[PDB]
Amino acid sequence: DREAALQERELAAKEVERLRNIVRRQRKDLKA
Amino acid sequence: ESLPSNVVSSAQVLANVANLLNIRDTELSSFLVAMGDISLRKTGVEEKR
Amino acid sequence: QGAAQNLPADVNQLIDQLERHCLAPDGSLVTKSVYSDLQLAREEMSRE
Amino acid sequence: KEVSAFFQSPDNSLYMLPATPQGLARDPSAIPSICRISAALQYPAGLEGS
Amino acid sequence: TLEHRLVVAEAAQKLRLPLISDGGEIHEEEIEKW
Amino acid sequence: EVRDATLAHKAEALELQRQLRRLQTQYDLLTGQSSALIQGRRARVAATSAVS
Amino acid sequence: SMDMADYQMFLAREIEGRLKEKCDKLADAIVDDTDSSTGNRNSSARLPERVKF
(Lines give C-alpha, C1' and ligand atoms only; values in the text may rest on other atoms or scores of the structure.)
Protein backbone atom coordinates (compact mmCIF):
# COMPACT_ATOMS: atom_id res chain seq x y z
CA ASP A 1 0.00 0.00 0.00
CA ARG A 2 3.09 2.20 0.21
CA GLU A 3 3.19 2.73 -3.56
CA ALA A 4 -0.53 3.54 -3.55
CA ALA A 5 0.12 5.90 -0.64
CA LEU A 6 3.16 7.36 -2.42
CA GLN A 7 1.26 8.49 -5.53
CA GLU A 8 -1.45 10.17 -3.44
CA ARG A 9 1.14 11.73 -1.11
CA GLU A 10 2.71 14.00 -3.74
CA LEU A 11 -0.69 15.29 -4.88
CA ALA A 12 -1.53 15.83 -1.21
CA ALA A 13 1.79 17.72 -1.02
CA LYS A 14 1.71 19.58 -4.35
CA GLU A 15 -1.34 21.51 -3.15
CA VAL A 16 0.71 23.45 -0.58
CA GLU A 17 2.60 25.36 -3.28
CA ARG A 18 -0.68 26.25 -5.02
CA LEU A 19 -2.39 27.10 -1.70
CA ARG A 20 0.11 29.69 -0.43
CA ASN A 21 0.80 32.27 -3.15
CA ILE A 22 -2.79 32.58 -4.39
CA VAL A 23 -3.83 32.96 -0.75
CA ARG A 24 -0.94 35.42 -0.34
CA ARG A 25 -2.51 37.35 -3.25
CA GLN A 26 -6.25 37.15 -2.52
CA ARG A 27 -6.90 37.55 1.21
CA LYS A 28 -4.47 40.47 1.10
CA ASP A 29 -6.55 42.16 -1.61
CA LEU A 30 -9.93 41.17 -0.11
CA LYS A 31 -9.35 44.12 2.25
CA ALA A 32 -9.40 47.01 -0.24
CA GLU B 1 -57.72 50.31 10.28
CA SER B 2 -54.05 51.03 9.53
CA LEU B 3 -52.71 50.00 12.96
CA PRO B 4 -52.64 46.28 11.98
CA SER B 5 -51.24 47.25 8.56
CA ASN B 6 -48.11 49.32 9.19
CA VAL B 7 -47.17 47.72 12.52
CA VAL B 8 -46.89 44.17 11.18
CA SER B 9 -45.22 45.41 7.98
CA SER B 10 -42.17 46.42 9.99
CA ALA B 11 -42.73 43.61 12.51
CA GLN B 12 -42.81 40.92 9.82
CA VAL B 13 -39.51 42.29 8.50
CA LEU B 14 -38.16 42.55 12.07
CA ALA B 15 -38.70 38.80 12.51
CA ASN B 16 -35.03 38.52 11.45
CA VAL B 17 -33.82 38.72 15.04
CA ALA B 18 -30.65 36.69 14.54
CA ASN B 19 -29.25 38.24 11.35
CA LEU B 20 -29.14 41.73 12.89
CA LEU B 21 -26.01 40.85 14.88
CA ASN B 22 -23.81 41.79 11.91
CA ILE B 23 -26.40 44.15 10.39
CA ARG B 24 -25.76 45.97 13.67
CA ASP B 25 -24.92 49.45 12.36
CA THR B 26 -26.65 49.80 8.98
CA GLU B 27 -25.96 46.37 7.42
CA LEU B 28 -22.58 47.97 6.76
CA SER B 29 -21.04 46.00 9.62
CA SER B 30 -22.50 42.90 7.97
CA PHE B 31 -20.79 44.14 4.81
CA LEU B 32 -17.75 44.71 7.07
CA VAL B 33 -17.79 41.67 9.38
CA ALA B 34 -20.49 39.16 8.31
CA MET B 35 -18.49 38.15 5.23
CA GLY B 36 -15.79 40.78 4.69
CA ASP B 37 -13.56 39.63 7.54
CA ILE B 38 -15.02 36.47 9.11
CA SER B 39 -14.60 34.66 5.80
CA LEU B 40 -11.24 36.46 5.64
CA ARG B 41 -10.34 35.70 9.27
CA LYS B 42 -9.67 32.09 8.32
CA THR B 43 -8.06 32.83 4.95
CA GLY B 44 -5.79 35.48 6.42
CA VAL B 45 -4.00 32.79 8.42
CA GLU B 46 -4.82 29.95 6.00
CA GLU B 47 -1.52 30.58 4.20
CA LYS B 48 0.87 31.39 7.06
CA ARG B 49 -0.06 28.08 8.70
CA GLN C 1 19.21 24.19 19.89
CA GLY C 2 16.00 22.21 20.35
CA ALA C 3 15.13 23.90 23.65
CA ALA C 4 15.70 27.26 21.95
CA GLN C 5 13.10 26.31 19.33
CA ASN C 6 10.47 25.75 22.04
CA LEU C 7 11.32 28.98 23.88
CA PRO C 8 8.91 31.22 21.89
CA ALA C 9 6.26 28.58 22.55
CA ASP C 10 7.56 28.10 26.10
CA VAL C 11 7.29 31.80 26.96
CA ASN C 12 3.77 31.82 25.51
CA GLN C 13 2.45 28.89 27.55
CA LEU C 14 3.63 30.39 30.87
CA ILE C 15 0.64 32.76 31.08
CA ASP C 16 -1.50 31.53 28.15
CA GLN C 17 -3.27 28.84 30.19
CA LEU C 18 -3.85 31.14 33.16
CA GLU C 19 -5.24 33.90 30.94
CA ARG C 20 -8.54 32.02 30.84
CA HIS C 21 -8.55 32.46 34.62
CA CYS C 22 -7.08 35.92 33.96
CA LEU C 23 -10.02 36.73 31.67
CA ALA C 24 -12.31 37.49 34.61
CA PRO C 25 -9.81 39.97 36.15
CA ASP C 26 -9.22 43.34 34.52
CA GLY C 27 -6.13 42.06 32.69
CA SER C 28 -8.51 41.13 29.86
CA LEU C 29 -11.89 42.79 30.49
CA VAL C 30 -10.54 46.24 29.60
CA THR C 31 -11.12 44.94 26.07
CA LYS C 32 -12.71 41.52 26.69
CA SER C 33 -15.56 42.96 28.79
CA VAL C 34 -17.87 41.80 25.98
CA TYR C 35 -17.62 38.24 27.31
CA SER C 36 -18.43 39.36 30.86
CA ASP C 37 -21.03 41.64 29.27
CA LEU C 38 -22.29 38.64 27.25
CA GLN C 39 -21.95 40.16 23.77
CA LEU C 40 -21.57 43.74 25.00
CA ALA C 41 -23.14 44.92 21.76
CA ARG C 42 -26.68 44.57 23.17
CA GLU C 43 -26.66 41.00 24.51
CA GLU C 44 -27.18 39.95 20.89
CA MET C 45 -30.49 41.40 19.57
CA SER C 46 -33.77 41.48 21.46
CA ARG C 47 -35.19 45.00 20.94
CA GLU C 48 -32.47 47.64 20.47
CA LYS D 1 -34.73 89.46 18.78
CA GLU D 2 -31.74 90.20 16.54
CA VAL D 3 -29.24 87.92 18.29
CA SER D 4 -31.68 84.98 18.31
CA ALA D 5 -31.87 85.08 14.51
CA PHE D 6 -28.08 85.50 14.44
CA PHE D 7 -28.04 82.30 16.51
CA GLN D 8 -31.11 80.59 15.01
CA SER D 9 -29.81 80.71 11.43
CA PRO D 10 -26.59 78.64 11.89
CA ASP D 11 -27.67 76.57 14.90
CA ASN D 12 -31.38 75.70 14.67
CA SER D 13 -32.28 73.93 11.42
CA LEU D 14 -28.96 72.11 10.94
CA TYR D 15 -29.15 70.62 14.45
CA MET D 16 -31.60 67.79 13.74
CA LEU D 17 -29.77 66.47 10.66
CA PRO D 18 -27.25 64.61 12.86
CA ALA D 19 -29.39 64.56 16.03
CA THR D 20 -31.71 61.57 15.60
CA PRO D 21 -30.45 59.79 12.42
CA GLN D 22 -27.14 58.40 13.74
CA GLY D 23 -25.36 61.64 12.88
CA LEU D 24 -24.79 62.85 16.44
CA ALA D 25 -23.64 59.26 17.17
CA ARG D 26 -26.27 59.39 19.96
CA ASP D 27 -23.87 60.09 22.83
CA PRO D 28 -20.60 59.24 21.00
CA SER D 29 -19.30 58.35 24.45
CA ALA D 30 -21.21 55.19 23.51
CA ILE D 31 -17.92 53.89 22.17
CA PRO D 32 -18.93 50.57 20.49
CA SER D 33 -21.27 52.48 18.17
CA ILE D 34 -18.69 54.69 16.45
CA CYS D 35 -15.78 52.38 17.26
CA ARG D 36 -17.00 48.94 16.15
CA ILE D 37 -19.96 49.53 13.82
CA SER D 38 -20.62 53.26 13.24
CA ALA D 39 -16.85 53.63 13.04
CA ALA D 40 -17.51 53.24 9.31
CA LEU D 41 -17.41 57.03 9.27
CA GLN D 42 -13.99 56.75 10.92
CA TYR D 43 -12.79 53.85 8.74
CA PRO D 44 -11.92 55.83 5.56
CA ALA D 45 -11.46 59.21 7.30
CA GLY D 46 -7.71 58.91 7.73
CA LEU D 47 -7.53 62.44 9.15
CA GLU D 48 -10.38 61.70 11.60
CA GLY D 49 -10.74 57.96 12.22
CA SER D 50 -7.33 56.91 13.51
CA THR E 1 -50.05 67.01 10.30
CA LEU E 2 -49.21 63.89 12.32
CA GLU E 3 -45.52 64.78 12.00
CA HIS E 4 -46.08 67.96 14.03
CA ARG E 5 -48.50 66.31 16.46
CA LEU E 6 -45.28 64.71 17.70
CA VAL E 7 -44.83 68.07 19.47
CA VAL E 8 -47.18 67.28 22.37
CA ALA E 9 -49.96 64.95 21.18
CA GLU E 10 -47.88 62.12 19.72
CA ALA E 11 -45.04 63.20 22.04
CA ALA E 12 -47.03 62.17 25.14
CA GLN E 13 -48.02 58.64 24.13
CA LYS E 14 -45.27 56.92 22.12
CA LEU E 15 -42.41 59.37 21.46
CA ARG E 16 -41.25 59.07 25.09
CA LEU E 17 -41.19 55.25 24.96
CA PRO E 18 -37.49 55.09 23.91
CA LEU E 19 -36.58 57.79 26.46
CA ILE E 20 -35.63 55.00 28.89
CA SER E 21 -32.43 54.82 26.81
CA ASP E 22 -32.41 58.28 25.16
CA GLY E 23 -31.04 60.36 28.01
CA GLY E 24 -29.86 63.16 25.74
CA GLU E 25 -30.27 61.50 22.36
CA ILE E 26 -33.94 62.51 22.21
CA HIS E 27 -33.80 65.10 25.03
CA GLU E 28 -32.42 67.32 22.25
CA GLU E 29 -35.73 67.38 20.38
CA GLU E 30 -38.13 67.46 23.35
CA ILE E 31 -36.38 70.61 24.58
CA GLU E 32 -37.29 71.93 21.14
CA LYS E 33 -40.87 70.95 21.99
CA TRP E 34 -41.03 71.70 25.73
CA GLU F 1 4.72 4.06 6.21
CA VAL F 2 3.63 6.46 3.47
CA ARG F 3 0.08 5.50 4.45
CA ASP F 4 0.88 7.10 7.80
CA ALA F 5 2.55 9.90 5.82
CA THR F 6 -0.64 10.37 3.78
CA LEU F 7 -2.40 11.45 6.97
CA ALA F 8 0.37 14.00 7.47
CA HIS F 9 -0.08 14.89 3.79
CA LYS F 10 -3.86 14.66 3.43
CA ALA F 11 -3.93 17.08 6.35
CA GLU F 12 -1.26 18.91 4.33
CA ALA F 13 -3.92 18.94 1.57
CA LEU F 14 -7.43 18.83 3.06
CA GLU F 15 -6.78 21.53 5.67
CA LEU F 16 -5.68 23.98 2.96
CA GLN F 17 -8.43 22.87 0.54
CA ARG F 18 -11.54 24.48 2.08
CA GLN F 19 -9.85 27.91 2.12
CA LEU F 20 -9.12 28.55 -1.57
CA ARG F 21 -12.82 28.13 -2.36
CA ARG F 22 -13.46 30.54 0.52
CA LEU F 23 -11.16 33.16 -1.01
CA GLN F 24 -12.35 32.47 -4.55
CA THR F 25 -15.93 32.97 -3.39
CA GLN F 26 -14.70 36.01 -1.44
CA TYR F 27 -13.03 37.34 -4.59
CA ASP F 28 -16.42 36.84 -6.30
CA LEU F 29 -18.70 37.98 -3.46
CA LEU F 30 -16.78 40.54 -1.38
CA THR F 31 -16.15 42.74 -4.44
CA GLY F 32 -19.81 43.77 -4.17
CA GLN F 33 -20.73 43.12 -0.55
CA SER F 34 -19.62 46.59 0.52
CA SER F 35 -21.28 48.20 -2.52
CA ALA F 36 -24.62 46.64 -1.48
CA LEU F 37 -25.31 49.66 0.77
CA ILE F 38 -23.74 52.64 -1.06
CA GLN F 39 -26.76 52.79 -3.39
CA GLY F 40 -28.79 54.15 -0.47
CA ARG F 41 -26.73 57.35 -0.50
CA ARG F 42 -29.01 59.09 -3.01
CA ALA F 43 -32.12 58.59 -0.88
CA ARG F 44 -30.32 59.92 2.22
CA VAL F 45 -28.77 62.98 0.53
CA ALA F 46 -31.60 64.47 -1.59
CA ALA F 47 -33.20 66.55 1.21
CA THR F 48 -29.91 67.30 2.94
CA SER F 49 -29.58 70.08 0.36
CA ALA F 50 -33.13 71.22 1.21
CA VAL F 51 -33.60 71.94 4.93
CA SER F 52 -30.20 73.67 5.03
CA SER G 1 -59.48 62.70 12.98
CA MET G 2 -59.57 63.36 9.22
CA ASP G 3 -56.32 61.39 8.89
CA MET G 4 -58.22 58.33 10.15
CA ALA G 5 -60.47 57.75 7.13
CA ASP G 6 -58.07 59.37 4.64
CA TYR G 7 -55.55 56.59 5.30
CA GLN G 8 -57.47 54.21 3.03
CA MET G 9 -55.15 55.51 0.28
CA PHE G 10 -52.18 56.11 2.62
CA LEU G 11 -51.73 52.34 3.08
CA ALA G 12 -51.90 51.76 -0.69
CA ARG G 13 -48.32 52.55 -1.72
CA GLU G 14 -47.07 55.21 0.68
CA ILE G 15 -47.19 54.07 4.31
CA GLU G 16 -47.77 50.40 3.51
CA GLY G 17 -45.46 50.29 0.50
CA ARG G 18 -42.51 52.52 1.41
CA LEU G 19 -42.57 51.24 5.00
CA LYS G 20 -42.57 47.65 3.74
CA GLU G 21 -40.56 47.87 0.51
CA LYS G 22 -37.66 49.51 2.38
CA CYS G 23 -37.81 47.70 5.73
CA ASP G 24 -37.11 44.31 4.16
CA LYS G 25 -34.93 45.64 1.33
CA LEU G 26 -32.53 47.18 3.84
CA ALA G 27 -32.97 44.13 6.08
CA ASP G 28 -32.35 41.90 3.05
CA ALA G 29 -29.13 43.76 2.27
CA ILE G 30 -27.32 41.39 4.65
CA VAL G 31 -27.73 38.36 2.36
CA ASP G 32 -25.25 40.05 0.00
CA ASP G 33 -22.70 38.26 2.21
CA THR G 34 -21.68 34.63 1.48
CA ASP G 35 -25.43 34.03 1.05
CA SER G 36 -25.38 36.31 -2.03
CA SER G 37 -24.98 33.44 -4.51
CA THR G 38 -28.10 31.67 -3.19
CA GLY G 39 -30.50 34.42 -4.24
CA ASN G 40 -33.60 32.26 -3.77
CA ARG G 41 -32.82 31.46 -0.12
CA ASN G 42 -32.25 35.12 0.81
CA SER G 43 -35.81 35.31 2.15
CA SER G 44 -35.19 32.24 4.35
CA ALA G 45 -31.41 32.64 4.84
CA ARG G 46 -31.63 35.57 7.29
CA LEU G 47 -32.95 34.27 10.62
CA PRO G 48 -31.68 30.66 10.80
CA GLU G 49 -28.12 30.68 9.43
CA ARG G 50 -26.73 34.23 9.78
CA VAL G 51 -26.29 33.59 13.50
CA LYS G 52 -24.99 30.16 12.49
CA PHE G 53 -22.54 31.69 10.00
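So that you can tell them apart, the chains are marked A, B, C, D, E, F and G in the order they are listed, and the count of residues begins at 1 in each.
Convention: a residue touches a chain if its C-beta (ideal position, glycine included) is under 8 Å from a C-beta of that chain, and two chains touch if they have at least 3 such contacts.
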Field: Chain closest to the middle [Cα centroid of all protein chains]
entry: B
Statement: Comparing D-F with B-D, the one with more C-beta contacts is B-D
Message: Please tell me the distance, in whole Å, between the geometric centres of subunit B and subunit E computed from their C-alpha atoms.
response: 29
Message: Roughly how far is subunit B from subunit F, centre to centre by C-alpha average, rounded to an integer in Å?
response: 15
Query: How far is the middle of subunit A from the middle of subunit E, if each middle is the mean of its Cα atoms, in Å?
result: 61
Query: Distance from the CA centroid of subunit A to that of subunit F, rounded to the nearest Å?
result: 20
Task: Going through subunit B residue by residue, note those that touch at least 2 other chains and give them in order.
output: 17-18, 21, 24, 26-28, 31-32, 35-36, 39-40, 43, 46
Query: Tell me, which residues of subunit G touch at least two other chains?
result: 26, 29, 32-34
Message: Going by the contact rule already set, what residues in subunit A reach two or more other chains?
response: 19, 23, 26-27, 30
- prompt: Across the complex, what residues on subunit B touch subunit D?
  reply: 24-26, 28-29, 32
- request: Sort out for me which residues of subunit C touch subunit B in the complex.
  value: 39, 41, 44-46
Field: Of all residues in subunit F, those that touch subunit A in their complex
entry: 1-3, 5-6, 9-10, 12-13, 16-17, 19-20, 23-24, 26-27, 30
- line: The subunit F residues in contact with subunit G across the complex are 25, 29, 32-33, 36-37, 40
Message: Quick check: in the complex, which residue numbers of subunit D touch subunit B?
response: 22, 33, 36-38, 40, 43
